[PDB]
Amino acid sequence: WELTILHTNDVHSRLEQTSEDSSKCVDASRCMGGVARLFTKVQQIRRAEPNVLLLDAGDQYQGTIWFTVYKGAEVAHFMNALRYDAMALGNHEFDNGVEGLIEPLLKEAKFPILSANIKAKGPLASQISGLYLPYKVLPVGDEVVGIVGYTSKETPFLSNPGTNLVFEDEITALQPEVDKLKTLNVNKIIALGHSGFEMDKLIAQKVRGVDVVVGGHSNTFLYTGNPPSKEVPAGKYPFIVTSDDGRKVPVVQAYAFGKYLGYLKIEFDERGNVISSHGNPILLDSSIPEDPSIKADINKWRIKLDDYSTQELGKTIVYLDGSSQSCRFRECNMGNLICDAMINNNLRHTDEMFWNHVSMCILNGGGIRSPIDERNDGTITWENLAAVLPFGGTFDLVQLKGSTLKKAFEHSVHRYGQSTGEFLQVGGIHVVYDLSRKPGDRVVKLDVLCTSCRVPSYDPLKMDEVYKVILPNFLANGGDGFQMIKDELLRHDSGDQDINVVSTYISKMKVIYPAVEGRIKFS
């Protein structure tokens, strides 16, 4: 019996086709992904293969102005149009709190939404009961397939689920659910979830009864053969894990941003044993036409986005200096605003040991692409912010040793004076450079805002201590020569869309007035 699993993960609001690097589409002849093109390929496969499941491993929420305006209604609408068969909750599905997930996604999806390791408490437990499930048994042809969900145990640090949801250890929560499915004579079981490739491999190894793991979160690209685009595979597709009981369990993921459709064929015997599996993600490039009906519906929904983009988000009473002459040479107030917005976006619930789990921000000055003039009655619109932050990136959370962060600050000024992009704007950091010193030895003071403290205050950076830092995905990936960040980071989780972080902060503040205040000094 052959099952074809089609899968997406970390689509992150890429409803429209994008450029090759998943940013705004500008060259139509080379644009990729989008739900209209995904519809064409899914429909084509479903004409040819008898037993198909279209699955999403979470993180449809967050990434573009589509999510900013429609807040999940676009996810329910377009996933329903694609006839997704099941979805696991991702961390970003909690960005607008549990109410922003219940309404509109859980109440409007025409498919089961799953997570076996999220447990609600208090009144929320009654309010949400049955709106997401630990698993669902689906009929596929003449057989049944059980799908069990899971979500990152670190979601409380990576989104806004609130205090009435408990994120349990994935393997601990999954095993009894898979044991239960086996008692109900379900012999084909998929674990679909959102914890990252490392946890997916552990689930494949340790959760007895799981036949395949379909994951996400880590934006992992897996491929068997010559890659079709610029993504470099972390391993073959599927990635085979040998389980504790000796089975070969395929693990799949399909990068992010709707650029690929994962495609895995699994051959099962009559008792649900996996005989073999093969496949590969399919690059959704211009060779696959956008479905005209889905595209026309996208164009209709885009009208409200165009309208929203010109509305006042809030006001500034100061000139927002995002010039290169300032932001690539010294502390600039646009850089301070963006880092303050990044820290505000990452305020999450804590135990009694931290005021917040993260207090620090770095931002390459070359990533700030325009100032904003305050003389248009102080108005700031999304279109103005998109000129400042045009790359479609995210502001991610990383864990870096103090030694790595000191090397990043040395890199920031290693060839100072040429208007290069690596000069860092900061938040929760006070750095002093002495440019008369040799490159690599120019940082003379580096103080950081504490997190494990009830009163935030600055203390010297410690080389062996690991710090959480919010920074662009461009820098987490080693852009601008920050190879030390890519190579030495101890954890990396994708964050919110860059424009959206700043827009939300400006709308919350109503009137902004960021100052240049001595976060960066020169001796």
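The first residue of the sequence shown is number 1, and the count goes up from there.
S.K.: Test of understanding: from the entry's C-alpha B-factors, which stretch has the higher mean, 301-309 or 420-428?
M.R.: Averaging CA B-factors over each stretch, the winner is 301-309.
S.K.: Which of the two stretches, 233-241 or 138-146, shows the higher mean Cα temperature factor in the record?
M.R.: Taking the mean C-alpha B-factor of 233-241 and of 138-146, the larger value falls to 138-146.
S.K.: Looking at 93, 374, 321, 447, which has the highest Cα B-factor in the entry?
M.R.: Within the set 93, 374, 321, 447, 374 shows the top C-alpha B-factor.
S.K.: Among the candidates 181, 252, 408, 88, give the one with the maximum CA B-factor reported in the record.
M.R.: When the deposited C-alpha B-factors of 181, 252, 408, 88 are compared, 181 is largest.
S.K.: Report the third (lowest, middle or highest) to which the CA temperature factor of residue 292 belongs, ranking only the modelled residues of the same chain.
M.R.: CA B-factor rank for residue 292: highest third.
S.K.: Lowest, middle or highest third: where is residue 209 by Cα B-factor in its chain?
M.R.: Middle third, going by the recorded CA B-factors of the chain.
S.K.: Could you look up the Cα B-factor of residue 456 in the entry and say which third of the chain it sits in: lowest, middle or highest?
M.R.: Middle third - that is where residue 456 ends up once the chain's C-alpha B-factors are sorted.
S.K.: What third of its chain, lowest, middle or highest, does the C-alpha temperature factor of residue 502 fall into?
M.R.: For residue 502, the deposited C-alpha B-factor lands in the lowest third.
S.K.: Going by the CA temperature factor in the PDB record, which third of the chain does residue 473 belong to: lowest, middle or highest?
M.R.: It belongs to the lowest third of the chain when residues are ordered by C-alpha B-factor.
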